[PDB]
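Undergrad: Give the three-dimensional model of this entry:
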Amino acid sequence: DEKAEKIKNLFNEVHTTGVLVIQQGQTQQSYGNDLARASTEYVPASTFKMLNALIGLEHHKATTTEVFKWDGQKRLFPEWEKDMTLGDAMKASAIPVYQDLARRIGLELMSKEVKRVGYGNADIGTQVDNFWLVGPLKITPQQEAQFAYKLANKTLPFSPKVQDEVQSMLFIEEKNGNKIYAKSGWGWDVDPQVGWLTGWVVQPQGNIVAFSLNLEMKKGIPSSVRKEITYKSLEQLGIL
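TA: Numbers count the residues shown, from 1 in each chain. Take a look:
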């Protein structure tokens, strides 16, 4: 009860509403100040890059060493206006690189694969290059944590090679002997805005603990909140 109470207050302290779903084994636990978010659908935003990369690699629409070249058209941030590998673009949440990947995959293959894997509502609509940003694709935090848990265990419906490659893209840091893997997301083109941090911890003896933080990104909420709450929560839970 006390762990849950503490984590609730972490969300209250940042003046928004959110949830953290944790998965170890086949059960999940939800924490936070709005638990109903755990089973609510939201756009994945750049959390979808995880699946986009798996599909693209598996279907030979990308390699891990190629550079996705900048064509010189203005991008949303100047940091993105350079050539990047899929891994560089993962770390940078570089939307246009992953738009290029999506277009390589194409609508038919993308739709088939998203359905095959059962990702969220598996509804990509007719626009292959923005369905993860503005809809119609939506996913719950419980689904995201499950996705992350399966990726961590290499049990998603892809080759283990491709899953290992995507895992490497997601590595953040080793902290207190724990390896942390994650992908952030911020759906800023929807209202209300959604913030994500989905990932997992590999503890020193190999135990995997997956997570998905999901909160409402209000005006004034710094994007750093996502990592801060997640880490503090995982520490309070004894995971980190």
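Undergrad: quick one: contacts for the closest residue to residue 157 other than its chain neighbours?
TA: Counting by Cβ to Cβ, 6 or more residues apart in numbering, the nearest residue to residue 157 once its immediate chain neighbours are dropped is residue 117, at 5.4 Å. C-betas here are computed from N, CA, C, even on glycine. Neighbouring residues of residue 117 by Cβ atoms under 8 Å, 6 or more residues apart in numbering: 51, 156-157.
Undergrad: Could you rerun that using 10 Å?
TA: By Cβ atoms under 10 Å, 6 or more residues apart in numbering, residue 117 lies in contact with 51, 54-55, 147, 150, 156-158.
Undergrad: try residue 176
TA: 203-204, 235, 240.
Undergrad: mind redoing it with 8 Å?
TA: With contact set as Cβ under 8 Å, 6+ apart, residue 176 has these partners: residue 240.
Undergrad: And for the one 4 residues further on?
TA: When contacts are counted by Cβ under 8 Å, 6+ apart, residue 180 touches 171-174, 199-201, 240.
Undergrad: now with 6 Å?
TA: Going by Cβ atoms under 6 Å, 6 or more residues apart in numbering, residue 180 touches 172-173, 201.
Undergrad: mind checking the SS state of it?
TA: Counting by DSSP: H, G, I helix; E, B strand; the rest coil, the backbone at residue 180 sits in strand.
Undergrad: how many neighbours does residue 101 have?
TA: By the measure other Cβ atoms under 10 Å, the count of residues near residue 101 is 22.
Undergrad: Quick check: it vs residue 183, distance?
TA: Relative to residue 183, residue 101 is positioned 15 Å away (Cβ to Cβ, to the nearest Å).
Undergrad: now do residue 98
TA: Distance from residue 98 to residue 183, by Cβ to Cβ: 11 Å.
Undergrad: more neighbours, these two?
TA: More crowded of residue 98 and residue 183, by other Cβ under 10 Å: residue 183, with 27 against 24.
Undergrad: ok, the host helix or strand of residue 183: who's next to it in the sheet?
TA: Applying DSSP states H and E as the criterion places residue 183 in strand 178-187. In the sheet, strand 178-187 lines up against strand 171-175 (antiparallel), strand 194-202 (antiparallel) (DSSP bridges).
Undergrad: Now stretch 128-142: buried residues?
TA: Residues of stretch 128-142 classed as buried by neighbour count (16 or more other Cβ atoms under 10 Å): 128-133, 135, 137-142.
Undergrad: residue ranges of the helices in the protein, please?
TA: Assigned by DSSP state H, the chain shows helices spanning 2-13, 49-58, 86-91, 95-105, 107-117, 131-134, 141-153, 160-170, 225-236.
Undergrad: Can you lay out those helices as CSV showing distance to residue 39?
TA: CSV is the format used below for those (distance: least, Cβ to Cβ, whole Å):
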stretch, distance to residue 39
helix 2-13, 17
helix 49-58, 20
helix 86-91, 27
helix 95-105, 27
helix 107-117, 19
helix 131-134, 20
helix 141-153, 6
helix 160-170, 24
helix 225-236, 19
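Undergrad: Looking at the ones you listed, which is nearest to residue 19?
TA: Checking the helices of the chain against residue 19 by Cβ to Cβ gives helix 141-153 as the closest, at 5.6 Å.
Undergrad: what residues does that closest one touch?
TA: So helix 141-153 is contacted by 19, 21, 23, 28, 38-39, 120, 156, 198-200, 208, 210-212, 214 (Cβ under 6 Å, 6+ apart).
Undergrad: Just the ones in strands from these, please.
TA: Per DSSP state E, strands hold the following members of these: 19, 21, 23, 28, 198-200, 208, 210-212, 214.
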